[PDB]
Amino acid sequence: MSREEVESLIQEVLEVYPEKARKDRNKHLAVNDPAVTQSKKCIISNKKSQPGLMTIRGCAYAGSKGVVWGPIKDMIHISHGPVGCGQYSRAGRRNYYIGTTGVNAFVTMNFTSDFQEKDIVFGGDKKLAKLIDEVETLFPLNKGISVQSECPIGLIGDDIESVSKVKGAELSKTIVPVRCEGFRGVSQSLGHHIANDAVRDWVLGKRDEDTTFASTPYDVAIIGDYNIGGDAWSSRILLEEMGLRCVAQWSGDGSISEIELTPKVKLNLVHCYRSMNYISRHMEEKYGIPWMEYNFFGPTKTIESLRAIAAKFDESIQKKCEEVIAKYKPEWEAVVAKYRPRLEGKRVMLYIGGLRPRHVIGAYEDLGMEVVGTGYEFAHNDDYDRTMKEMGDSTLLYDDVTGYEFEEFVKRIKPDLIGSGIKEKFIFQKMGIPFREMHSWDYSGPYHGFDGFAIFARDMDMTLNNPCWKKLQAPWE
C-alpha cells in the first residue's frame, strides 16, 4: 500500500463527515514523511474533539487521578464529586504496587465524597473536611491525602485549596488539592499537567532544606513509569544491576517519601515524556537536576538506553552496563530466535495514548514486525515530532481518531494485528483481526525491560497466530 493509496483512503473516509468536521479531521490525519522534522507542518494535535464522533479520549480527571496520582500507594486519593468517576476508574489500570491494601496502601480502593444534590446546591467543602476526619480515623496509616476534583467542584465554586490548607495544618498532614475537573482541557493530557503542578506545589518541596538523606553519585529517579503489570520493577532491576540507586518511582508502586526525596537525585530518567516532562523541566530549573528520555521496550531500545544512561556517570557504571547487557544477551536472543520467525513481516496498527504509539515500535521491529499505522489519543506536536522519525515513510498517522475512522482505516489496510484499548478490542476481534491491549497489556506483562520483552513476544505470538482466527467463516459461508 503506497502513499497515493493512503492519501486517497483518508479523503474517501472523510467524505461522510459534515462540512465542519471534515475540515477539522482532515488536519489530524497524515501520511508519514520521516523528512519532516516539524510535525506541525503535516499534522495538528491537542485540539478539542469534534462533538458526536466517538473519540476514544477520556478527561483530565483520568489523567490526574487514574494516571498520575492514583498509583501512589501510601496516600489516600479522594474522588471528589458524584459516584461515577471513582467507580469506573476503580482498579481498571494495572499500576502495580506492594502493600497491605486497606491498612498501609490504598491503590485499588475507591474513596469518594459521593456528591448528592445538597452538595451541588450548597457546596461540598464542609463535607470534604468531615470526610478528611473520617479518613484519619479509619485509615490511620495513610501518609497523606489527595483530593481529585470531578466536574462539579469548580463549576459550583467550591474551594478545595482552602479546605486542604486548613485541614493540612490542623492535622499536620499533606493534603493535596487537585483541580483536575474533566471539563478542563480536551483530554487526559491537561490532567497530567495539572497533576504535575499539584505535586510541585504541595509535595515536592517538602524536604527542600532538609539534608538528612545520604546521597550517592549514582542516585536516579524513574519518572513516568506507572508500573503496568510490573513494568517499573522490570526496569528498576536493570538500572540497579548497572550500579545505579533508584531513589524514586513516579508513580507506579511509588511512595510519598520517594517523591519527596527525588530532588536529591543526580539524574531524572524520563520514560513517559508526555505525562511528566512538566515536573522534570521544573526539577531541572529549580534543583539543577538534568533529565533524559529513555526507552525500555525491546532489546534494541533497552540496550541503547542503558548505554545512554551509563554515559552520564563514570567508567564503573559504563562497565557494569556492559555486564548487564552481556548477562541478558542469551535470554533475549533465545526469545528472538523462538518468536521472530513466527511474526516476521506481520503488520501492526497501533492506537494508544501519549507515548506507547511510538515507544513500542522498536520492540515490534525486534520481532521482524512492521508498524504500518500509529496514532495517539492526546499527544502534542512534540510527541509527533518524535514519532515521524520512528515511523516508516508513507505510514498512516492519526490524531484523536474517531471510531468511524479507525474502523475504515483497518478495513482498507488489513493489518495482521491491532494494538489499542478496551473500547477497541471487541470491535476488531469480530472483524477477525488479532487484537492486543496495549494499555492493560491484556492482563499480562510486564513488557518493559529484557524480562518484559519475553512476555511481549509470547503475547504477540499467542494472539497473532491463534487457531481461533481461521474459524470466523462458517464453511457453508
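Note that residue numbering begins at 1 and tracks the sequence as displayed.
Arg436 dropped in a third or more of the other entries: Modelled in all the others, so no.
Of the other entries that cover residues on both sides, do at least a third skip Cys42? Affirmative; at least a third of those entries omit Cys42.
Quick one: higher average CA temperature factor, 357-365 or 206-214? Per the deposited B-factors, the answer is 206-214.
Would you tell me which stretch averages the higher CA B-factor in the PDB entry, 316-324 or 295-303? According to the entry, 316-324 carries the higher average C-alpha B-factor.
Among the candidates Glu424, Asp442, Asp33, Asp451, give the one with the maximum CA B-factor reported in the record. Of the candidates given, the C-alpha B-factor peaks at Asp33.
Whose C-alpha has the highest temperature factor in the PDB entry: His80, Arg94, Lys143, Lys389? Result of the comparison over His80, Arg94, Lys143, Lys389: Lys389.
Third of the chain's Cα B-factor distribution that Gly157 belongs to, per the entry: It belongs to the highest third of the chain when residues are ordered by C-alpha B-factor.
Sorting the chain's CA B-factors, does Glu285 end up in the lowest, middle or highest third? According to the entry, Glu285 has a C-alpha B-factor in the chain's highest third.
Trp332 - Cα temperature factor, lowest/middle/highest third of chain: According to the entry, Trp332 has a C-alpha B-factor in the chain's middle third.
Please place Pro263 in the lowest, middle or highest third of its chain by C-alpha B factor as given in the entry. CA B-factor rank for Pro263: highest third.
Can you tell me which third, lowest, middle or highest, the CA B-factor of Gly168 falls into for its chain? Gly168: CA B-factor falls in the highest third of its chain.
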